[PDB]
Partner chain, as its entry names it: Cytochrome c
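Consider the single chain below, provided in structure tokens and representing the form solved without the partner chain.
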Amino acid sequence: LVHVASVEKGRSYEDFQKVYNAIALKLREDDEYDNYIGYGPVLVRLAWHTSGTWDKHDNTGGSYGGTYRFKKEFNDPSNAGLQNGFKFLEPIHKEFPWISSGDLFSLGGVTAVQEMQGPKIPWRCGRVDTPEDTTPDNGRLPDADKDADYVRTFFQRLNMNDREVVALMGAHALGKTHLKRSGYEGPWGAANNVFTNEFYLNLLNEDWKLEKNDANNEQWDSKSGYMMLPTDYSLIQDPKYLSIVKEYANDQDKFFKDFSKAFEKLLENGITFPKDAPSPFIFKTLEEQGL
């Protein structure tokens, strides 16, 4: 199936900047969530999980249809906790009922990255809600207890190469693992609601110990109180990934640029943009607007 981007009728950049802004203002206001981490990280994860169901082989899943709103997908065990991001977005959707669900989930992630001082992420509108029976089955999102070969093979299905995978994984600077959600516990670093290249620096520079958590799963832990999943640690066990980790640990701008591209790509898999579609939008942050 072909999913053609269809601009919400009559809307243009200013309409979407208003949605951006409402998201950004609520991010600022609702600051208590998750022991004052705020909603930034879970909104980034929501954007990724709503996009990451995509299968390049048949164009099933992906961000276009906004299918997370249906119970099979919002109840995927892999999505445990993302209901917090959905509930955050609910008043946004009520204020702007014209935006599609896929456009809102993906825009939430863009807005979160940018408001957390991350790179600009160009964003295109035009996702169209699709019916309940187009919801992908559970099991398309990745396991965390696996090795580099797993990660590499997994991400081929999303048409991501080694550099794109290592870049995307840098989002694990953000937020934390929660035991009751994923069976893993702990943050990956100190700056977990500011978008930086800290994930790579911590992988290379902390002294990691392979421990079992209270859910009896193995994870890598440091004396600073940080953790890495087995799939995170695989990025320094595999020599191809390791080279790229070192690159991003040593060049914040390069990480920003490569993340931006990869994240936009992730959010746009499966969508066909007509030749006369609008160019991608680059939203101004609240700070840049003086708001």
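Residue numbers count along the first chain shown, from 1.
Below: the form deposited with the partner chain bound, not depicted.
Under a 4.5 angstroms non-hydrogen atom cutoff, the partner chain in the entry with it bound has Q117 among its neighbouring residues. Heavy atoms of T196 reach within 4.5 Å of the partner chain in the entry with it bound, making it an interface residue. Proximity of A190 to the partner chain in the entry with it bound: non-hydrogen atoms within 4.5 Å are present. In the entry with it bound, the partner chain lies within 4.5 Å of some heavy atom of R28.
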